[PDB]
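Here is the structure we will look at, set down as structure tokens.
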Amino acid sequence: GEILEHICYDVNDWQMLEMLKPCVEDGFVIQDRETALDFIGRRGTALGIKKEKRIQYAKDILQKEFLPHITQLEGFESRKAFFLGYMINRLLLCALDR
Amino acid sequence: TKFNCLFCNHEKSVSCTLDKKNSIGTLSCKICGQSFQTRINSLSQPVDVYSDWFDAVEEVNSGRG
Amino acid sequence: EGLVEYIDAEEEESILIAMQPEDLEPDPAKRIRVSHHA
Amino acid sequence: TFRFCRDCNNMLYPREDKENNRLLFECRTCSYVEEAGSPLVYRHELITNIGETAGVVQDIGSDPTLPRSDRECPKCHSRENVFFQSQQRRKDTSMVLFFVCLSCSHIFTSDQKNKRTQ
Amino acid sequence: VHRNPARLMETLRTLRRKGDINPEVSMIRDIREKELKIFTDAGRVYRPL
Ligand SMILES: [Zn+2]
Ligand SMILES: [Zn+2]
Ligand SMILES: [Zn+2]
């Protein structure tokens, strides 16, 4: 629900929720932060251990590589989530032709 | 279906088979004969099975099962 | 004093600009001028 | 209309109860279940009449960009109005314009055959 | 986010006109999208009016 709220601001517009339903359906498999970080780190393996000094590497990549301009600190990582939600909202609006 | 192995330390000796109908990932090496089985999802990939096998091996070695 | 302001490309989308200082505010030789509908 | 669990803040999958012969919303994560208020499950709206009038705010009429008009408002008979087109952009959308009155902030369609509240 | 976009935009415009803020900054308010954008990066083309 928090992800949907971040993606879609006005709950009245049900079209966005209908279009995003497959997204949440496929993402329902993941429910833990550690699992998400491990899955992100699965690709681009460089002879490393996902559970050993790779979760921190993925976290650092997310802190820096993902939206570096908005911030470069781990104190407040919610800004990246809000920016991603805004980006997805714009993409959905463009797709809907509005 | 080519990945490294830990027991025999041989590169590209590992093959992973993903049965999505049964949702089972089986990893087998063609040299040392080691076989491992795990639960997988529709979005699973052979890298996921390899990571699960490595984690299981680490847990067994540590003896913290 | 704020008499003149700098406007970029993006801001022009949210402002209305008059052609001449006193034409849009208030012998068929002169060129036809667009009526001040705004 | 789509709602959430209201307890875990999560989506609810639809299911059919043949014993009760009813459509029920429940999430497999928890045991929470609810009865659908209305029989709405899926909708695509290939052609949609909503979303053309979006972004309206209290100070909408104060925007210089919006073009003015002197049409008499149906209710308060206020000539001053701001007129715009459909917000949605499409190659088949109609050219019907919408007029907003500063005095009452009421949106009415330019069409005369049919009167639209919004 | 801000709840009174009109007042904030008016204050920013007044400050920029007075000279407190560098005029090169560009402020754009879109009522339709209800979005306020402020640009200060170099390489932006602007003209006086
Ligand atoms: Zn082997
Ligand atoms: Zn629930
Ligand atoms: Zn009116």
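Here, residue 1 is simply the first one shown, and the rest follow in order.
Looks like electron microscopy, 4.3 Å, at least that's what the header says.
Every residue gets a Cβ built from N, Cα and C, even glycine.
Record features (Swiss-Prot):
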- D:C5, D:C8, D:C27, D:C30: Zn(2+) 1 binding site (BINDING)
- D:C73, D:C76, D:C101, D:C104: Zn(2+) 2 binding site (BINDING)
- D:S38: phosphoserine (MOD_RES)
- D:5-30: zinc finger (ZN_FING)
- D:69-109: zinc finger (ZN_FING)
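In sequence order, the binding-site residues near D:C101 (Zn(2+) 2 binding site) (Cα within 10 Å of its Cα) amount to none of D:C5, D:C8, D:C30. The residues near the Zn(2+) 2 site, meaning same-chain residues not in D:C73, D:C76, D:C101, D:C104 whose C-beta sits within 8 angstroms of the mean position of the site's C-beta atoms, are D:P74, D:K75, D:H77, D:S78, D:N81, D:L102, D:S103, D:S105, D:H106, in sequence order. Counting only same-chain residues six or more apart in sequence, the Cβ atoms lying under 8 angstroms from the Cβ of D:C5 (Zn(2+) 1 binding site) belong to D:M11, D:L12, D:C27, D:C30, D:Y32. Straight-line distance linking the Cα atoms of D:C73 (Zn(2+) 2 binding site) and the residue listed as 'phosphoserine', rounded to a whole number, equals 37 Å. Ranking the recorded positions D:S38, D:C76, D:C104 by the distance of their Cα atoms from the Cα of D:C8 (Zn(2+) 1 binding site) places D:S38 first.
Around D:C27 (Zn(2+) 1 binding site), a 10 Å sphere centred on its CB holds 18 further CB atoms from the protein chains shown. The candidate set comprises the binding-site residues D:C8, D:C30, D:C73, D:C104. Of these, D:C73 has the most other Cβ atoms within 10 Å. The number of other CB atoms found within 10 A of the CB of the residue listed as 'phosphoserine', across every protein chain shown, is 7.
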